[PDB]
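Each residue of the sequence shown is one higher than the one before, counting from 1 in the authors' numbering. Ideal placement from N, C-alpha and C gives every residue a C-beta, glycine not left out.
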Amino acid sequence: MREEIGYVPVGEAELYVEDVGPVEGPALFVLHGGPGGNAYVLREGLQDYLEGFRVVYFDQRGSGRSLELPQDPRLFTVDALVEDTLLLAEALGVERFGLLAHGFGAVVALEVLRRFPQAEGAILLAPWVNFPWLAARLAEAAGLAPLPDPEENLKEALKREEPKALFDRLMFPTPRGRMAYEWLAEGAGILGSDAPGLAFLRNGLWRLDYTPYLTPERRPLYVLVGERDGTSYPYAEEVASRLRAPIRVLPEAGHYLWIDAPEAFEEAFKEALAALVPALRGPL
């Protein structure tokens, strides 16, 4: 199998890239979440279903295995993440491509679609689009009545419990899914910079509600989410209905929905991939 791993210069940043599969095959770019995450776990979960695609897994600017950026919070914006995706595609000589996104990756994917007709479609896994809503859920998970101010909800939640404890509850319906995730993640031995997350926080990420920018998308778009992903569901219903995208909600699955429900995920993901070519297979 073809696999080309390296650092690809994109102008403001150098990205860790894993360019996998037939070079002339149909291309998909993978947008991980966070912000400040990486594509390691995501690749391990998706790659078995993606043979015969050219899949470009990458870590976003300054994040995960990518090259550390200068101390400058202005480098960390949605626009920069979007533009990086296109610059990466051009560096690799890919003209048209689909998108696979997870969590916060969804906002980046939707902005790539909106701005760039080169993007041919997307599968949004566990999309995050409404951060005030997520902050309300964290505060709720900590036993608090949500306040109107989302950054105050976050601050008050984090006074009661550590972020990892709260996110773990939202993300992982079973201890066994969580432990499988942690063993896999820690096994990668990736030391991700704190800088991307801190900069997005400072730039007002928790005030970002992308909801109003969601409108019906002509291109093929699918939403897959875990019923028990407290970071995405049930808000993902709003995402799907505004985009007029099919949604599949997997029972008993959290944020890493392919870990919690491998069989149900395989079925839903294969359906989503097939739907990316409606000229051949037809619509939904």
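Residue nearest to residue i in terms of C-alpha spacing, selected from the options
i: residue 115; options: 198, 78, 7; result: 78
i: residue 111; options: 160, 10, 274, 211; result: 211
i: residue 107; options: 89, 87, 90, 80; result: 80
i: residue 84; options: 61, 94, 104; result: 61
i: residue 13; options: 196, 147, 202, 277; result: 196
i: residue 9; options: 252, 95, 58; result: 58
i: residue 236; options: 89, 45, 69, 125; result: 125
i: residue 47; options: 72, 21, 65; result: 21
i: residue 51; options: 3, 181, 130; result: 3
i: residue 90; options: 70, 244, 118; result: 118
i: residue 64; options: 189, 281, 120, 179; result: 189
i: residue 202; options: 180, 113, 102, 72; result: 72
i: residue 34; options: 43, 95, 277, 105; result: 105
i: residue 37; options: 231, 194, 278; result: 194
i: residue 198; options: 49, 23, 69, 43; result: 69
i: residue 218; options: 162, 278, 171; result: 278
i: residue 262; options: 23, 32, 45; result: 45
i: residue 93; options: 23, 102, 251, 244; result: 23
i: residue 130; options: 121, 182, 238; result: 238
i: residue 204; options: 180, 182, 149; result: 149
i: residue 220; options: 175, 109, 167; result: 109
i: residue 166; options: 229, 187, 186, 200; result: 229
i: residue 113; options: 82, 103, 200; result: 82
In DSSP terms, what residue i is bridged to
i: residue 9; result: 14
i: residue 225; result: 249
i: residue 58; result: 17
i: residue 4; result: 19
i: residue 27; result: 54
i: residue 102; result: 125
i: residue 97; result: 119
i: residue 130; result: 209
Nearest-angstrom beta carbon gap, residue j and residue i [assumed within contact, 8 Å]
i: residue 184; j: residue 41; result: 6 Å
i: residue 209; j: residue 132; result: 5 Å
i: residue 75; j: residue 7; result: No, residue 75 and residue 7 are not in contact; Cβ-Cβ is about 17 Å, not under 8 Å.
i: residue 222; j: residue 275; result: 6 Å
i: residue 214; j: residue 242; result: 4 Å
i: residue 98; j: residue 54; result: Actually they do not touch by this definition, with Cβ atoms about 10 Å apart.
i: residue 86; j: residue 231; result: Residue 86 to residue 231, Cβ: 27 Å. No contact.
Close Cβ partners of residue i (< 7 Å) along its chain, the five nearest in sequence each way excluded
i: residue 177; result: 254, 256, 259, 260
i: residue 249; result: 225, 227, 233
i: residue 146; result: 136, 139, 140, 153
i: residue 16; result: 7, 58, 59, 64, 65, 66
Own chain partners of residue i with C-beta closer than 8 Å, once the 5 adjacent residues on each side are dropped
i: residue 144; result: 153, 156, 157, 160
i: residue 240; result: 223, 246, 247
i: residue 88; result: 8, 10, 15, 17, 29, 56, 58
i: residue 281; result: 274, 275
i: residue 49; result: 266, 269, 270, 273
i: residue 216; result: 242, 243, 244
Nonlocal neighbours in the same chain, by C-beta distance under 6 Å from residue i, ignoring five residues either side
i: residue 100; result: 28, 30, 123
i: residue 169; result: 141
i: residue 151; result: 206
i: residue 5; result: 18
i: residue 172; result: 178, 254
i: residue 251; result: 227
i: residue 163; result: none
i: residue 96; result: 118, 120
i: residue 43; result: 57
Does the segment 152 to 169 come close enough to the segment 257 to 269 that 3 or more CB-CB pairs lie under 8 Å? no
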